[PDB]
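Presented below is the structure to which this report refers.
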Amino acid sequence: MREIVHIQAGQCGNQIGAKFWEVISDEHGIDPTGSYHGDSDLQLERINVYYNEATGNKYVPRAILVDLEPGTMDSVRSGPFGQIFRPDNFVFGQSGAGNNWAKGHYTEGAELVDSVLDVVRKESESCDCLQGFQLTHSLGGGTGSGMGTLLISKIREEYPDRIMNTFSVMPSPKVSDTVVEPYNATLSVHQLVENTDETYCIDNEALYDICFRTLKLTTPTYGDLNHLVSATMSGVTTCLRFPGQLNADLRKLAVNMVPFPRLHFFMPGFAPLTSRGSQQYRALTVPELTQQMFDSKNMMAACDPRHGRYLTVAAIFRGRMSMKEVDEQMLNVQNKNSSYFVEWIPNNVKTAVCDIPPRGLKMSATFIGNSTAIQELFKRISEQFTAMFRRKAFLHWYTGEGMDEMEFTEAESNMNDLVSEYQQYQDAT
Amino acid sequence: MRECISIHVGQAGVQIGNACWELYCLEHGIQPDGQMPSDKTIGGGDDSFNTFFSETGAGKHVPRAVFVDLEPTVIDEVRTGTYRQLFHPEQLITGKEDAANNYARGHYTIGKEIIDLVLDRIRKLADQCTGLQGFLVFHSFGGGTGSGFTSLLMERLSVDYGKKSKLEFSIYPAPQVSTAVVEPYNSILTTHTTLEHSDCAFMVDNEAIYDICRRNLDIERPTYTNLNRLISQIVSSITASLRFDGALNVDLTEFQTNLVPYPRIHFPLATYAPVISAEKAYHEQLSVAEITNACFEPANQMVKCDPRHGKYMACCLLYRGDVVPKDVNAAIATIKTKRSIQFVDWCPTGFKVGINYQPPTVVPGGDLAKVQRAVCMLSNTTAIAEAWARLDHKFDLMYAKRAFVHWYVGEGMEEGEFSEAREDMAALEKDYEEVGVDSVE
Amino acid sequence: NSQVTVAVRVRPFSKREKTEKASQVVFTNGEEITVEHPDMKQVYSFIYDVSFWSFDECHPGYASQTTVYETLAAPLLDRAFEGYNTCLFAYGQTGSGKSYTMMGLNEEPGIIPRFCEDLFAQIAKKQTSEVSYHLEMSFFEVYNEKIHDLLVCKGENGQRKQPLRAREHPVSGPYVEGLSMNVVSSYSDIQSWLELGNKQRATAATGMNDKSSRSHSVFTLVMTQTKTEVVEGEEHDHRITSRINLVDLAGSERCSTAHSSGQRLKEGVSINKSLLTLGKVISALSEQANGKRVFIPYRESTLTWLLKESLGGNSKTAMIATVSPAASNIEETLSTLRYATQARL
Ligand SMILES: CC(=O)O[C@H]1C(=O)[C@@]2(C)[C@H]([C@H](OC(=O)c3ccccc3)[C@]3(O)C[C@H](OC(=O)[C@H](O)[C@@H](NC(=O)c4ccccc4)c4ccccc4)C(C)=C1C3(C)C)[C@]1(OC(C)=O)CO[C@@H]1C[C@@H]2O
Ligand SMILES: Nc1nc2c(ncn2[C@@H]2O[C@H](COP(=O)(O)OP(=O)(O)OP(=O)(O)O)[C@@H](O)[C@H]2O)c(=O)[nH]1
Ligand SMILES: Nc1ncnc2c1ncn2[C@@H]1O[C@H](COP(=O)(O)OP(=O)(O)NP(=O)(O)O)[C@@H](O)[C@H]1O
Ligand SMILES: Nc1nc2c(ncn2[C@@H]2O[C@H](COP(=O)(O)OP(=O)(O)O)[C@@H](O)[C@H]2O)c(=O)[nH]1
Ligand SMILES: [Mg+2]
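Below you can see the structure in the form of structure tokens.
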């Protein structure tokens, strides 16, 4: 019995989780109360991967909500699928972080974290076997940037021989929603490369593009971006819940996709996404999903793989299919598109399959990818950083809560050093 | 009586067994629950054949097999599927966690504290057998379970059971096709042990059977339960002389002698020539000569290696159905007359021959056809070195940079162990050059 | 970036193993150190820059304890006086002849005291008025990727050991936050401080031997060349500094053969990773000299991280392997030699 302990951290994580449980419950047949109203037996055989059990055939989730300064407990509880969470897991405090990595790592986080971990224990020992953790946060703020990473350190100290997946929203090359994004991002990456086995670098602009180009949505809200992130969140952990022909887990997708440890920053994607008009004018086959996956528009990372080389990619398929099609189509990519791959790994792709698709489709997929184009995501912040840190910009709000200047410099070098490990493998040897 | 214990490690072994037993239960006249209606109606015969199925006094029949994968997502399809009331509930799931496609997990850290149950059930099944002569094993070279648990198990069984034939019908990785990017590692470390412990390790490749499934069966979108149904036919053509009658019978202590010249080159191939569809089943004669010649075609090989780039050291031919001997002794002569097929100077005799009278069985929901005769070849070739080197090169490409190695040392492994295994894999691609040389005097 | 130097030293025999009267596998045709099984299925041959033959006191080219100093260690001293940093390693498993070569015994000395003695000799020869030197010593370890100081609080203080942490000055380099190092004046103080340390190296009794080290011991010395006041005013290049690192590493210890779980397995897993990263660093650094654009992975291990300013740049590195000549250790010995080749190429 493999089991995942989800953690929410901040506004982003709370909303994304609120939409993720609304997508896993529907996948398993659970209602807002916790009751079972399914139609198949195969949704309960492995419901233990996310949900605990309870008295009257009810099922409670393993969530640990954390957000210093509330305003969202009301939003989740009042919501449709809010009264299923455990009220003792609604952890929070007052005095919001104020978009500081310090107040969420040093001052206010340090006096909340010891109450957060006390739930993880209470939700970890009850698992027969624990496969890892699943955090959902956003760089740029204070809770997701500081408190989530403090939790990551405290948990990798206690439970090291596990997986700490972390599906992180990142800043963007254009208009942002916060002014001190670069510093928080730099100081988070310094604490997320050393204490993590698999992180997904999600960006919001790549999701606006997915929603305005493919989906052809005219007025997309934040509740439609998360409806895309949840797809990946479910697709990764499907080979634990549902059966298939080539099964998988969070550890197969961490042993193959990570040649060297620091290079665990991945680039996700989901297929088949389409507008309601083009759904009648398309075919659902393996090659359509392959082309829709490897296209540079369906990736969520705000980076172009055509500007780099894939070191290792994955493809967690879902549906009744034929592996003769899958292997052939995944080899065709390496043969045709060779310059977008490296030569010192002979095969660059693996495959995972599950026989149980999504509620309304006949075949879905989910693409993970480790490109060098993530360089371009961290070559940006390190510029913004050294455009501000030079003049000692919005920093008295960081030193004024117990942080020396050296800690800002260290995180600048590591990121840069990381950029020099991706760019090593971007030209011919 | 004659008996054979069949072990099924990993997803590949399980998905192959779920077809192998689907075939055997139908060959012998057994329903999926265990009860046969033939013994009560006819009142005679050993159709409850003791080579694979033990018998209880309640008319039930219990297979001689074990399953283990370190992941319950597979075997739980058996415990809840159509074949649940047959197999013993001791199908050794221990899958609190899977083996992550690394040998280091299937060898020590999730392969220990689990193996004792396996070696206890194997003793329990051997105590029930009088004339045991075979430990068949089904695994895959690629994954952590198939590579690690198998090597943890064979080294134990060679201590326990010792002078007793072991046969590994494994899945060798393909050159181009693959479903993982660590198979160049999990495969070399397995050879370093099974080369010393095993006795005859067959090999199949999914690319070859994919090609077979389009050029002969007319399937453009095949899945794994089509290939596993050919692997089942291979194992049935092998284990038929044990169960049913025949003119010339071939036991498992005969492949070990007539196909293994030196103890380190026990890596033969396998074929099954008539795989013809129900449409092409007509319009065709399907005689002994056609089938025997088709077994020597490169396109019909179930492993990807052009045998014309090498020489044959030995070869067996296990016929099944309406066959006469002189048809065989005329089919082989046409092969020796041919100059594309070569034979080592130290083996002019070459051929082992075996005949059986029970024809094949057509599994419903299937693609194979009804045939009055069927054949399975088992060749030892010096060409498969070219298939081994293809792996070794890959090793040398992703070990000069020490890639994916920290996931091995992180679960109880030394760096030099990889180097030692590569040195062991280089000694064997040299002996294949030694055997291929014509003598001089 | 200068070249890495790699050498091998074979111990004569251990009286403990001599009760078995096992056989000899290692042979030396000058510099090709050949290895042969008792079965003689294959014959391996390894070629290195340097080779020390200490099997028996008959062969010419016998490498006494003296011969390591003038051949490998003395240039490190000669370059430390030029301002360049140096590092020496030591790789071999339990019973190899490793700590015999680092220090030896009071009658047969190793490499540390014979180095630190000639150091003070060349100081007192050049302890003039225009120049005045100052030495400072530190001694730490790496246990499960945690830095500990072997000269602090002596245990039995509520907590067991002090897990210090590494940080990065922007211009000085990596360093340890909380390492009261020491000051020295002559050789006997070094011996006192070092005897005070090695008693606290967090060794552990595995099945193969009762005393087997599970830590990478690091011994650092810092040398300064202060000059005098020039006639025009008070300004003079008196900051010429150098750093000498001497490491005694631990053995690979494969765990399948040595059934070990709980905590020795974690120790082994921490030791095999540091060795792998060290080999990667040395291979990258020796590939950079030959002309190539390669990234040197320092940050993936603590021992490779703290010593970033001692390997790269214009500093010198050196490595000594130690192997047993017996057959019982043939799977152990070969591994060491294979690692040495990865350091040479
Ligand atoms: C006839 C038909 O094809 O209906 C589809 C549909 O038209 C499309 C457009 C659906 C539709 O989804 C969207 O329009 C959409 C809107 C904003 C953001 C993302 C999607 C659909 O609404 C969404 C819905 O998807 C599901 O029901 C899956 O179970 C999905 N989960 C949920 O949608 C869900 C969300 C909240 C509460 C309950 C269920 C899912 C996705 C991945 C993994 C597991 C589950 C389906 C099939 C459809 C409609 C209904 C039109 C698509 O949805 C997904 C995620 O696959 C949008 O693109 C796909 C392609 C489908 O063709
Ligand atoms: N012929 C055939 N091969 C299979 C089948 N399933 C998996 N394989 C092969 O097995 C390899 C994967 O390794 P496995 O040993 O099956 O993995 P596992 O058994 O789940 O054990 P883990 O590696 O720990 O997950 C792939 O390369 C496939 O080619 C199958 O059903 N039929
Ligand atoms: N070069 C040498 N010449 C002569 N005798 C040697 C030589 N090297 C080793 N010996 C002898 O062999 C012994 C080696 O065993 P021992 O010293 O216990 O190993 P060790 O390296 O000190 N322990 P460890 O620090 O874990 O490697 C020495 O104590 C000497 O008796
Ligand atoms: N996808 C998504 N992103 C969000 C949402 N709410 C906030 N964000 C992003 O989160 C970032 C701000 O971080 P924030 O949520 O305030 O972190 P906090 O300050 O610790 O709570 C911005 O870049 C937003 O784009 C949401 O509902 N969905
Ligand atoms: Mg498995």
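Sequence order for the protein chains is A, B and C.
Per the working numbering, the first sequence starts with residue -14, numbered consecutively.
Per the working numbering, the second sequence starts with residue 5, numbered consecutively.
Per the working numbering, the third sequence starts with residue -4, numbered consecutively.
Every residue, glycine too, gets a C-beta built ideally from N, C-alpha and C.
Next item on the list: Would you list the residues sitting across from A/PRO46 in a DSSP beta bridge?
Entry: In the first sequence, residue 46 of chain A corresponds to position 61, counting from 1. A/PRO46 is bridged to A/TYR36.
Item checked: heavy atom of ligand 3 below 6 Å from C/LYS13 C-beta -> The sequence position of residue 13 of chain C within the third sequence is 18, counting from 1. No, ligand 3 has no heavy atom inside 6 Å of this Cβ.
Next item on the list: Could you name the residues of chain C that B/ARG406 contacts, counting a contact when the two beta carbons are closer than 7 Å?
Entry: Position 402 of the second sequence, counted from the first residue, corresponds to residue 406 of chain B. Near B/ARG406 (Cβ distances below 7 Å), the residues of chain C are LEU271, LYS275.
Next item on the list: Tell me whether A/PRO253 is buried or exposed, calling it buried when 16 or more other Cβ atoms sit within 10 Å of its Cβ.
Entry: Walking along the first sequence from the start, residue 253 of chain A turns up at place 268. Result: buried.
Check: Helix or strand or just coil, what does DSSP make of A/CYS339?
Finding: As a first step, residue 339 of chain A is located in the first sequence; it is residue number 354 there, counting from the start. In this structure, A/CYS339 counts as coil in the three-state DSSP scheme.
Item checked: At least 3 beta-carbon pairs within less than 8 Å: the region 400 to 418 of chain B vs the region 105 to 116 of chain B -> yes
Checklist line | Proximity test, Cβ basis, 7 Å: B/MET402 and chain A | finding: Within the second sequence, numbered from 1, the residue matching residue 402 of chain B stands at position 398. For B/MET402, the answer is yes, since a Cβ of chain A falls inside 7 Å of its Cβ.
Check: Are the beta-carbon atoms of A/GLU7 and A/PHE75 separated by less than 7 Å?
Finding: If you number the first sequence from 1, residue 7 of chain A lands on position 22. If you number the first sequence from 1, residue 75 of chain A lands on position 90. No. Outside cutoff.
Notebook entry, point to check: What in chain B is Cβ-close to A/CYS114, meaning under 7 Å?
Noted result: Locating residue 114 of chain A in the first sequence gives position 129, where the first residue counts as 1. Neighbours of A/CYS114 on chain B, chain order: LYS100, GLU101.
Margin query: What does the Cβ neighbour count give for C/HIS233, buried or exposed, with the cut at 16 atoms within 10 Å?
Written below: Within the third sequence, numbered from 1, the residue matching residue 233 of chain C stands at position 238. Result: exposed.
Check: Straight-line CA distance for A/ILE301 to A/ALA87?
Finding: As a position in the first sequence, residue 301 of chain A is number 316, starting the count at 1. As a position in the first sequence, residue 87 of chain A is number 102, starting the count at 1. Roughly 38 Å separates the two Cα atoms.
Check: Closer than 8 Å, Cβ to any Cβ of chain B: which residues of the region 326 to 356 of chain A, in chain order?
Finding: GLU328, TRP329, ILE330, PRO331, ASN332, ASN333, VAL334, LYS335, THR336
Check: Which class does C/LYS268 belong to by DSSP, given the choice of helix, strand or coil?
Finding: Translated into positions along the third sequence, residue 268 of chain C becomes position 273. It is helical.
Checklist line | Closest residue to B/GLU200 among B/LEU432, B/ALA334, B/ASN190 (Cα-Cα distance) | finding: Translated into positions along the second sequence, residue 200 of chain B becomes position 196. Closest option to B/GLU200, Cα to Cα, is B/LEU432.
Next item on the list: State yes or no: is the C-beta of B/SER144 nearer than 6 Å to some heavy atom of ligand 7?
Entry: Looking at this structure, you won't find ligand 7 anywhere; what it does contain is ligand 1, ligand 2, ligand 3, ligand 4 and ligand 5.
Note to self: Determine, for B/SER162, whether the minimum Cβ-Cβ distance to residues of chain C falls below 7 Å.
What the structure shows: Working through the second sequence from its first residue, we reach residue 162 of chain B at position 158. So no, B/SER162 is outside the interface.
Next item on the list: Alpha carbon to alpha carbon, how far is A/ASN317 from C/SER237? Give it in angstroms, no decimals.
Entry: For the purposes of this step, residue 237 of chain C is taken as the residue at position 242 of the third sequence. For the purposes of this step, residue 317 of chain A is taken as the residue at position 332 of the first sequence. Computed Cα separation, rounded: 56 Å.
Notebook entry, point to check: Excluding the five sequence neighbours on either side, which residues of its own chain have a C-beta within less than 6 Å of the C-beta of C/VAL38, listed in chain order?
Noted result: For the purposes of this step, residue 38 of chain C is taken as the residue at position 43 of the third sequence. Hits under 6 Å: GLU31.
Notebook entry, point to check: Any chance the region 279 to 288 of chain C sits against the region 55 to 75 of chain C, with 3 or more Cβ pairs inside 8 Å?
Noted result: no
Notebook entry, point to check: Mapping DSSP to helix, strand and coil, what is B/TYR316?
Noted result: In the second sequence, residue 316 of chain B corresponds to position 312, counting from 1. Correct three-state label for B/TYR316: strand.
Notebook entry, point to check: Does A/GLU406 have its Cβ less than 7 Å from a Cβ in chain C?
Noted result: On the first sequence, residue 406 of chain A is found 421 positions in, with the first residue counted as 1. Closer than 7 Å: yes.
Notebook entry, point to check: Is it buried or exposed for A/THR184, if we count other Cβ within 10 angstroms and need 16 for buried?
Noted result: Taking the first residue of the first sequence as position 1, residue 184 of chain A is located at position 199. With 16 or more other Cβ atoms within 10 Å, it is buried.
Item checked: Cβ shell of B/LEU221 (< 7 Å), same chain only, five flanking positions each side left out -> Taking the first residue of the second sequence as 1, we reach residue 221 of chain B at position 217. Here the set comprises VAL279, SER281, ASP371.
Notebook entry, point to check: Leaving out the 5 sequence neighbours to the left and right, which residues in its chain are closer than 7 Å to A/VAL45 when beta-carbon positions are compared?
Noted result: For the purposes of this step, residue 45 of chain A is taken as residue 60 along the first sequence, with counting starting at 1. Closer than 7 Å at the Cβ level, and outside the excluded window around A/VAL45, lie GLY19, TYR36, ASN37, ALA39, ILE69, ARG71.
Next item on the list: Tell me, to the nearest whole angstrom, how far the beta carbon of A/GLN360 is from that of A/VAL298; I am working on the premise that it is less than 8 Å.
Entry: Numbered from 1 along the first sequence, position 375 holds the residue referred to as residue 360 of chain A. Numbered from 1 along the first sequence, position 313 holds the residue referred to as residue 298 of chain A. Going by Cβ atoms, the distance from A/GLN360 to A/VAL298 rounds to 17 Å, so no, they are not a contact pair.
Next item on the list: Could you please go through the chain and list the residues whose beta-carbon is closer than 6 Å to any non-hydrogen atom of ligand 5?
Entry: B/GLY14, B/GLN15, B/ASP73, B/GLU75, B/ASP102, B/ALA103, B/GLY147, B/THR149
Note to self: Here's the rule: buried if 16 or more other CB atoms are within 10 angstroms of the residue's CB, otherwise exposed. What is B/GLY148?
What the structure shows: Indexing the second sequence from 1 puts residue 148 of chain B at position 144. Buried, by the Cβ-count rule.
Check: Interface residues of chain C around B/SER151 at Cβ under 8 Å?
Finding: Here residue 151 of chain B is taken as the residue at index 147 of the second sequence, counted from 1. Result: empty, since nearest Cβ-Cβ is about 13 Å, beyond 8 Å.
Note to self: Can you pull out the residues from the region 159 to 191 of chain B whose beta carbon lies closer than 7 Å to at least one beta carbon of chain A?
What the structure shows: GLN180, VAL181, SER182, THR183, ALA184, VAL185, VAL186, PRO188
Next item on the list: Check the Cβ-Cβ distances between B/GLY110 and every residue of chain C, and say whether any is below 7 Å.
Entry: Within the second sequence, residue 110 of chain B is the residue found at index 106, counting from 1. No, its Cβ sits nowhere closer than 7 Å to a Cβ of chain C.
Note to self: Between which two residues does the alpha helix (DSSP H) holding A/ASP59 run?
What the structure shows: Residue mapping note: residue 59 of chain A aligns to position 74 of the first sequence, counting from 1. Unbroken alpha helix (DSSP H) run through A/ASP59: 58 to 62.
Item checked: Proximity test, Cβ basis, 7 Å: B/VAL413 and chain C -> Position 409 of the second sequence, counting from 1, holds the residue named residue 413 of chain B. For B/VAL413, the answer is yes, since a Cβ of chain C falls inside 7 Å of its Cβ.
Next item on the list: Kindly indicate if chain C contains any beta-carbon less than 7 Å away from that of A/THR134.
Entry: As a working mapping, residue 134 of chain A is identified with position 149 in the first sequence. Judged by the 7 Å Cβ criterion, A/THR134 is not in contact with chain C.
Margin query: Threshold first: 3 residues or longer. Then list the beta strand (DSSP E) segments lying entirely within the region 42 to 105 of chain C, N to C.
Written below: 81 to 86
Note to self: Against B/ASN220, what residues of chain A qualify as contacts under a CB-to-CB distance less than 8 Å, listed in chain order?
What the structure shows: The count along the second sequence starts at 1 and reaches residue 220 of chain B at position 216. By Cβ distance, chain A contributes nothing, its closest Cβ being about 14 Å from B/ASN220, past 8 Å.
Checklist line | Start-to-end residues for the beta strand (DSSP E) that takes in B/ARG377 | finding: Taking the first residue of the second sequence as position 1, residue 377 of chain B is located at position 373. Note, B/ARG377: beta strand (DSSP E), 377 to 385.
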